[PDB]
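A.B. asks: You'll find entry_8.cif just under this line, and it carries mmCIF, C-alpha atoms and all ligand atoms.
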```
data_data
#
loop_
_atom_site.label_atom_id
_atom_site.label_comp_id
_atom_site.auth_asym_id
_atom_site.auth_seq_id
_atom_site.Cartn_x
_atom_site.Cartn_y
_atom_site.Cartn_z
CA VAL K 3 75.75 -52.89 57.01
CA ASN K 4 75.64 -56.66 56.20
CA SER K 5 73.15 -59.29 54.81
CA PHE K 6 72.39 -61.10 58.12
CA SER K 7 68.63 -60.88 58.93
CA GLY K 8 66.40 -61.68 61.96
CA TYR K 9 69.21 -61.87 64.57
CA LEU K 10 68.79 -60.75 68.17
CA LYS K 11 71.69 -58.50 69.25
CA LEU K 12 73.34 -59.79 72.47
CA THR K 13 76.32 -57.40 72.64
CA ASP K 14 78.20 -54.83 70.56
CA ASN K 15 79.57 -57.69 68.37
CA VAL K 16 77.57 -60.90 69.02
CA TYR K 17 74.22 -61.72 67.38
CA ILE K 18 72.09 -64.90 67.67
CA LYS K 19 69.26 -66.54 65.69
CA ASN K 20 67.28 -69.83 65.75
CA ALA K 21 68.40 -71.02 62.33
CA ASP K 22 69.57 -74.08 60.37
CA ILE K 23 73.28 -73.18 59.72
CA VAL K 24 73.24 -75.04 56.35
CA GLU K 25 70.18 -72.94 55.29
CA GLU K 26 71.61 -69.70 56.66
CA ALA K 27 74.92 -70.17 54.81
CA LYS K 28 73.07 -71.01 51.56
CA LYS K 29 70.99 -67.78 51.89
CA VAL K 30 73.74 -65.31 53.02
CA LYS K 31 76.90 -66.78 51.35
CA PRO K 32 78.96 -65.24 54.14
CA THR K 33 82.70 -64.59 53.72
CA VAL K 34 83.28 -67.13 56.57
CA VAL K 35 81.17 -70.02 57.88
CA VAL K 36 82.60 -71.80 60.93
CA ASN K 37 82.54 -75.59 61.08
CA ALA K 38 82.42 -77.50 64.39
CA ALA K 39 85.36 -79.64 63.31
CA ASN K 40 87.38 -82.41 64.95
CA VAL K 41 91.18 -82.70 64.67
CA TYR K 42 90.89 -85.27 61.82
CA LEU K 43 88.40 -83.11 59.85
CA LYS K 44 86.12 -86.18 59.73
CA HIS K 45 82.77 -84.50 59.10
CA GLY K 46 80.47 -87.39 60.18
CA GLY K 47 77.74 -85.77 62.30
CA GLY K 48 76.47 -82.54 63.87
CA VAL K 49 77.39 -79.17 62.24
CA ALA K 50 80.34 -80.83 60.39
CA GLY K 51 78.19 -83.70 59.00
CA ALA K 52 75.38 -81.32 57.91
CA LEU K 53 77.76 -78.77 56.31
CA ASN K 54 79.65 -81.53 54.52
CA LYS K 55 76.41 -83.14 53.24
CA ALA K 56 75.33 -79.74 51.84
CA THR K 57 78.63 -79.63 49.84
CA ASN K 58 77.91 -83.09 48.34
CA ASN K 59 81.02 -84.39 50.23
CA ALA K 60 83.38 -81.88 48.55
CA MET K 61 84.26 -80.51 52.02
CA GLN K 62 85.37 -84.03 53.10
CA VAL K 63 87.42 -84.57 49.91
CA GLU K 64 89.24 -81.25 50.44
CA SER K 65 89.68 -82.02 54.15
CA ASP K 66 91.21 -85.43 53.51
CA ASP K 67 93.83 -83.85 51.25
CA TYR K 68 94.52 -81.18 53.95
CA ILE K 69 95.09 -83.87 56.61
CA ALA K 70 97.23 -86.02 54.30
CA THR K 71 99.53 -82.99 53.81
CA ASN K 72 99.47 -81.31 57.26
CA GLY K 73 98.38 -83.90 59.81
CA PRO K 74 95.67 -83.34 62.41
CA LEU K 75 94.67 -79.99 63.90
CA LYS K 76 95.14 -79.22 67.60
CA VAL K 77 92.16 -79.13 69.98
CA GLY K 78 91.54 -75.36 70.19
CA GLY K 79 93.02 -74.84 66.70
CA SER K 80 91.65 -74.16 63.25
CA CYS K 81 92.34 -74.07 59.53
CA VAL K 82 90.83 -72.08 56.69
CA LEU K 83 89.56 -74.12 53.71
CA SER K 84 87.07 -73.52 50.95
CA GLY K 85 83.46 -72.64 51.75
CA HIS K 86 82.35 -74.54 48.64
CA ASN K 87 78.71 -73.67 47.81
CA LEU K 88 78.06 -72.32 51.34
CA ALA K 89 80.50 -69.43 51.87
CA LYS K 90 83.73 -68.00 50.50
CA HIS K 91 85.75 -69.75 53.23
CA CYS K 92 85.11 -72.34 55.93
CA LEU K 93 86.96 -71.83 59.20
CA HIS K 94 87.21 -75.34 60.66
CA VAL K 95 87.52 -74.82 64.44
CA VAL K 96 88.12 -77.63 66.94
CA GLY K 97 86.41 -77.05 70.24
CA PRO K 98 87.03 -79.57 73.03
CA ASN K 99 84.78 -82.64 72.89
CA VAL K 100 83.60 -83.38 76.47
CA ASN K 101 82.43 -86.90 75.25
CA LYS K 102 86.24 -87.57 74.62
CA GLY K 103 87.41 -85.99 77.97
CA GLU K 104 89.07 -82.78 76.51
CA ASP K 105 89.87 -79.73 78.70
CA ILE K 106 86.92 -77.26 78.56
CA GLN K 107 89.50 -74.40 79.17
CA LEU K 108 90.43 -75.07 75.50
CA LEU K 109 87.06 -73.58 74.50
CA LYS K 110 88.45 -70.03 74.93
CA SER K 111 91.44 -70.91 72.69
CA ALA K 112 88.97 -72.29 70.08
CA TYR K 113 86.94 -69.05 70.04
CA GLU K 114 90.13 -66.95 69.73
CA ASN K 115 90.40 -68.23 66.13
CA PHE K 116 87.29 -66.18 65.29
CA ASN K 117 89.22 -62.95 66.00
CA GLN K 118 91.23 -63.47 62.77
CA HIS K 119 88.04 -62.80 60.75
CA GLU K 120 86.06 -59.55 60.73
CA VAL K 121 82.63 -61.24 60.28
CA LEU K 122 81.58 -64.90 60.72
CA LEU K 123 78.51 -67.13 60.66
CA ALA K 124 79.10 -69.77 63.38
CA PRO K 125 77.61 -72.41 65.64
CA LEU K 126 78.23 -72.50 69.37
CA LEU K 127 81.56 -74.32 69.78
CA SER K 128 81.61 -77.54 71.76
CA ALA K 129 77.76 -77.61 71.87
CA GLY K 130 75.55 -80.40 70.53
CA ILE K 131 77.36 -83.74 70.16
CA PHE K 132 80.60 -82.18 71.55
CA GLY K 133 78.94 -82.37 74.97
CA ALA K 134 79.58 -78.93 76.52
CA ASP K 135 76.92 -76.74 78.14
CA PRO K 136 75.75 -74.35 75.36
CA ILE K 137 75.07 -71.60 77.97
CA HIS K 138 78.76 -71.79 78.90
CA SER K 139 79.77 -71.81 75.22
CA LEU K 140 77.79 -68.60 74.60
CA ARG K 141 79.40 -66.91 77.63
CA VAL K 142 82.92 -67.83 76.42
CA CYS K 143 82.01 -66.61 72.93
CA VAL K 144 80.85 -63.20 74.21
CA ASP K 145 83.87 -62.83 76.48
CA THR K 146 86.44 -63.94 73.82
CA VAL K 147 85.31 -62.94 70.32
CA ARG K 148 85.79 -59.26 69.48
CA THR K 149 84.90 -59.54 65.77
CA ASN K 150 81.33 -59.67 64.54
CA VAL K 151 79.82 -63.11 65.02
CA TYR K 152 76.37 -64.28 63.90
CA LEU K 153 75.47 -67.42 65.86
CA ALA K 154 73.01 -69.96 64.41
CA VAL K 155 71.31 -72.19 66.98
CA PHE K 156 69.62 -75.32 65.54
CA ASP K 157 67.27 -76.05 68.50
CA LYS K 158 64.38 -73.59 69.03
CA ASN K 159 64.07 -74.77 72.62
CA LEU K 160 67.80 -74.17 73.24
CA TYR K 161 67.72 -70.81 71.43
CA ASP K 162 64.95 -69.56 73.76
CA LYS K 163 66.85 -70.82 76.80
CA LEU K 164 70.13 -69.12 75.64
CA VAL K 165 68.35 -65.76 75.16
CA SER K 166 66.27 -65.92 78.37
CA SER K 167 69.33 -66.83 80.52
CA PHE K 168 71.80 -64.38 78.87
CA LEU K 169 73.46 -61.96 81.27
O1 LIG K 201 71.84 -81.99 60.89
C1 LIG K 201 71.91 -80.81 60.85
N1 LIG K 201 71.43 -80.06 59.70
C2 LIG K 201 71.53 -78.62 59.69
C3 LIG K 201 72.13 -77.89 60.85
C4 LIG K 201 72.64 -78.68 62.05
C5 LIG K 201 73.20 -77.99 63.14
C6 LIG K 201 73.65 -78.72 64.23
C7 LIG K 201 73.55 -80.11 64.25
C8 LIG K 201 73.01 -80.79 63.17
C9 LIG K 201 72.54 -80.06 62.06
#
```
Let me see the file written as structure tokens.
C.D. replies:
Amino acid sequence: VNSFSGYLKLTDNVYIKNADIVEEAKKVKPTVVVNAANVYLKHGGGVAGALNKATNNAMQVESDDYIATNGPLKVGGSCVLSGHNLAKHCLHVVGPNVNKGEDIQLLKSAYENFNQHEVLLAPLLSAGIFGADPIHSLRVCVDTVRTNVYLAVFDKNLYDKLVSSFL
């Protein structure tokens, strides 16, 4: 049993809810929240900007030190950093950004990072300002992630479309 509430069950391991990810993390304090990161960990907008704002910029400060030491992530890659006030850990995952011309095949590689964690609160990778089709992102998630993933979808309209169209 876990603390996640109000989710619709899509599969054995994937759950979905219309929820503000900042507000869901604050309520649950999950072991892992996933950030929709870029390779520079520049958390300016979307999931990354909202999560970072909720940490009072402490996520960005920590991220800048990580990049100064390690250099940029790979598209499809990830790193584990603090969850600050939102979670124990934040898994920063880089999905491909279609608005930069990145290979959508890298979306499966991105979701494979989730398999290193037994339970996660996450957004749909490469959705929103990353430009991918969220219906596609949900299909890749279901077909790639084997661990237990609780997906928060910001747009009620999109949430209802993801559920209604789910195979
Ligand atoms: O701006 C946001 N606040 C809280 C959640 C969120 C999720 C996706 C994109 C933007 C936001």
A.B. asks: In Å, with one decimal, what is the gap from CA of residue 22 in chain K to CA of residue 155 in chain K?
C.D. replies: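 Spanning CA of residue 22 in chain K to CA of residue 155 in chain K is a straight-line distance of 7.1 Å.
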A.B. asks: Axis-aligned box over every listed atom of ligand LIG 201 (chain K), padded by 6 Å per side: centre and edges in Å to one decimal, as AutoDock Vina command-line options?
C.D. replies:
```
--center_x 72.5 --center_y -79.9 --center_z 62.0 --size_x 14.2 --size_y 16.1 --size_z 16.6
```
A.B. asks: Return the single residue from K:20, K:59, K:139, K:7 that is closest to residue 162 in chain K, with distances computed using all atoms listed in the file.
C.D. replies: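 Among the listed residues, K:20 lies closest to residue 162 in chain K.
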A.B. asks: Between chain K and ligand LIG 201 (chain K), at 10 Å or less, what are the per-residue closest atom pairs and their distances in Å? Count all atoms listed in the file, order by chain and rising residue number, and return it as a tab-separated table.
C.D. replies:
```
residue	atom	partner	partner_atom	distance
K:21	CA	K:LIG201	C3	8.0
K:22	CA	K:LIG201	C3	4.6
K:23	CA	K:LIG201	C3	5.0
K:24	CA	K:LIG201	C2	5.2
K:25	CA	K:LIG201	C2	7.3
K:26	CA	K:LIG201	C3	9.2
K:37	CA	K:LIG201	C5	9.9
K:38	CA	K:LIG201	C6	8.9
K:47	CA	K:LIG201	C8	6.9
K:48	CA	K:LIG201	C7	3.8
K:49	CA	K:LIG201	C6	4.3
K:50	CA	K:LIG201	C8	7.8
K:51	CA	K:LIG201	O1	6.8
K:52	CA	K:LIG201	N1	4.5
K:53	CA	K:LIG201	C2	7.1
K:54	CA	K:LIG201	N1	9.8
K:55	CA	K:LIG201	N1	8.7
K:56	CA	K:LIG201	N1	8.8
K:125	CA	K:LIG201	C5	7.5
K:126	CA	K:LIG201	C6	9.3
K:129	CA	K:LIG201	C6	8.7
K:130	CA	K:LIG201	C7	6.6
K:131	CA	K:LIG201	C7	7.9
K:154	CA	K:LIG201	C5	8.1
K:155	CA	K:LIG201	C5	7.2
K:156	CA	K:LIG201	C5	5.1
K:157	CA	K:LIG201	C6	8.1
```
A.B. asks: Just want the 8 Å neighbourhood of range 78-81 of chain K, counted on only C-alpha atoms, with same-chain residues fewer than 6 positions away dropped. Output as a list in words.
C.D. replies: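 Residues near the query, excluding close chain neighbours: residues 93, 94, 95, 96, 97, 98, 108, 109, 110, 111, 112, 113 and 115 of chain K.
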A.B. asks: CA of residue 15 in chain K and CA of residue 149 in chain K, how far apart in Å?
C.D. replies: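 Between CA of residue 149 in chain K and CA of residue 15 in chain K the gap is 6.2 Å.
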A.B. asks: Smallest atom-to-atom distance to residue 33 in chain K: which of K:76, K:19, K:138, K:119, using only C-alpha atoms?
C.D. replies: K:119
A.B. asks: So, with all atoms listed in the file as the atoms that count, which of K:123, K:140, K:62, K:44 lies closest to residue 91 in chain K?
C.D. replies: K:123
A.B. asks: With only C-alpha atoms as the atoms that count, which of K:18, K:169, K:27, K:106 lies nearest to residue 145 in chain K?
C.D. replies: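 Going through K:18, K:169, K:27, K:106 one by one, the smallest distance to residue 145 in chain K is for K:169.
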A.B. asks: Neighbours of residue 65 in chain K within 9 Å (only C-alpha atoms; same-chain residues fewer than 5 positions away dropped), as a PyMOL selection string?
C.D. replies: chain K and resi 42-45+60+70+83
A.B. asks: Pick the closest to residue 92 in chain K from K:133, K:8, K:32, K:46: which is it, counting all atoms listed in the file?
C.D. replies: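 Closest candidate: K:32.
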A.B. asks: Quick one: of K:118, K:87, K:166, K:128, who's nearest to residue 151 in chain K, counting all atoms listed in the file?
C.D. replies: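 When distances to residue 151 in chain K are compared using all atoms listed in the file, the smallest one comes from K:118.
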A.B. asks: Give me, please, the distance in Å between CA of residue 124 in chain K and CA of residue 73 in chain K, quoted to one decimal.
C.D. replies: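 According to the coordinates, CA of residue 124 in chain K and CA of residue 73 in chain K are separated by 24.2 Å.
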A.B. asks: Rebuild range 39-65 of chain K so that it carries N, CA and C atoms, then output the result as a compact mmCIF listing (two decimals), keeping the file's coordinate frame.
C.D. replies:
```txt
# COMPACT_ATOMS: atom_id res chain seq x y z
N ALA K 39 84.49 -78.57 63.81
CA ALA K 39 85.36 -79.64 63.31
C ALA K 39 85.94 -80.45 64.46
N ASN K 40 86.46 -81.64 64.09
CA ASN K 40 87.38 -82.41 64.95
C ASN K 40 88.78 -82.35 64.33
N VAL K 41 89.75 -82.87 65.08
CA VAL K 41 91.18 -82.70 64.67
C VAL K 41 91.49 -83.45 63.38
N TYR K 42 90.68 -84.45 63.03
CA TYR K 42 90.89 -85.27 61.82
C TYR K 42 90.12 -84.72 60.65
N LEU K 43 89.33 -83.64 60.86
CA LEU K 43 88.40 -83.11 59.85
C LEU K 43 87.56 -84.26 59.26
N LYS K 44 87.07 -85.12 60.11
CA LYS K 44 86.12 -86.18 59.73
C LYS K 44 84.72 -85.66 60.00
N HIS K 45 84.02 -85.26 58.97
CA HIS K 45 82.77 -84.50 59.10
C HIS K 45 81.57 -85.46 59.12
N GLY K 46 81.48 -86.30 60.16
CA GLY K 46 80.47 -87.39 60.18
C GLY K 46 79.10 -87.03 60.73
N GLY K 47 79.04 -86.11 61.69
CA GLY K 47 77.74 -85.77 62.30
C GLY K 47 77.74 -84.37 62.86
N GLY K 48 76.59 -83.91 63.34
CA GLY K 48 76.47 -82.54 63.87
C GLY K 48 76.68 -81.48 62.79
N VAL K 49 77.14 -80.30 63.20
CA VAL K 49 77.39 -79.17 62.24
C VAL K 49 78.25 -79.66 61.08
N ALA K 50 79.36 -80.33 61.39
CA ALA K 50 80.34 -80.83 60.39
C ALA K 50 79.66 -81.77 59.39
N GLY K 51 78.90 -82.75 59.88
CA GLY K 51 78.19 -83.70 59.00
C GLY K 51 77.17 -82.99 58.12
N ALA K 52 76.40 -82.04 58.68
CA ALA K 52 75.38 -81.32 57.91
C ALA K 52 76.03 -80.39 56.88
N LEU K 53 77.05 -79.64 57.29
CA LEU K 53 77.76 -78.77 56.31
C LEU K 53 78.33 -79.62 55.19
N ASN K 54 78.99 -80.71 55.55
CA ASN K 54 79.65 -81.53 54.52
C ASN K 54 78.60 -82.11 53.56
N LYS K 55 77.48 -82.59 54.08
CA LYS K 55 76.41 -83.14 53.24
C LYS K 55 75.95 -82.07 52.25
N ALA K 56 75.81 -80.84 52.70
CA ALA K 56 75.33 -79.74 51.84
C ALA K 56 76.32 -79.44 50.72
N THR K 57 77.60 -79.76 50.88
CA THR K 57 78.63 -79.63 49.84
C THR K 57 78.73 -80.87 48.98
N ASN K 58 77.86 -81.85 49.15
CA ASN K 58 77.91 -83.09 48.34
C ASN K 58 79.22 -83.81 48.58
N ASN K 59 79.77 -83.72 49.80
CA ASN K 59 81.02 -84.39 50.23
C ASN K 59 82.28 -83.67 49.71
N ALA K 60 82.17 -82.56 49.02
CA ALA K 60 83.38 -81.88 48.55
C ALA K 60 84.18 -81.34 49.74
N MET K 61 83.53 -80.92 50.81
CA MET K 61 84.26 -80.51 52.02
C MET K 61 85.12 -81.65 52.54
N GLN K 62 84.59 -82.87 52.60
CA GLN K 62 85.37 -84.03 53.10
C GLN K 62 86.54 -84.35 52.18
N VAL K 63 86.32 -84.29 50.87
CA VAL K 63 87.42 -84.57 49.91
C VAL K 63 88.55 -83.57 50.14
N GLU K 64 88.23 -82.27 50.22
CA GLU K 64 89.24 -81.25 50.44
C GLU K 64 89.92 -81.47 51.78
N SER K 65 89.15 -81.81 52.80
CA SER K 65 89.68 -82.02 54.15
C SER K 65 90.64 -83.19 54.21
```
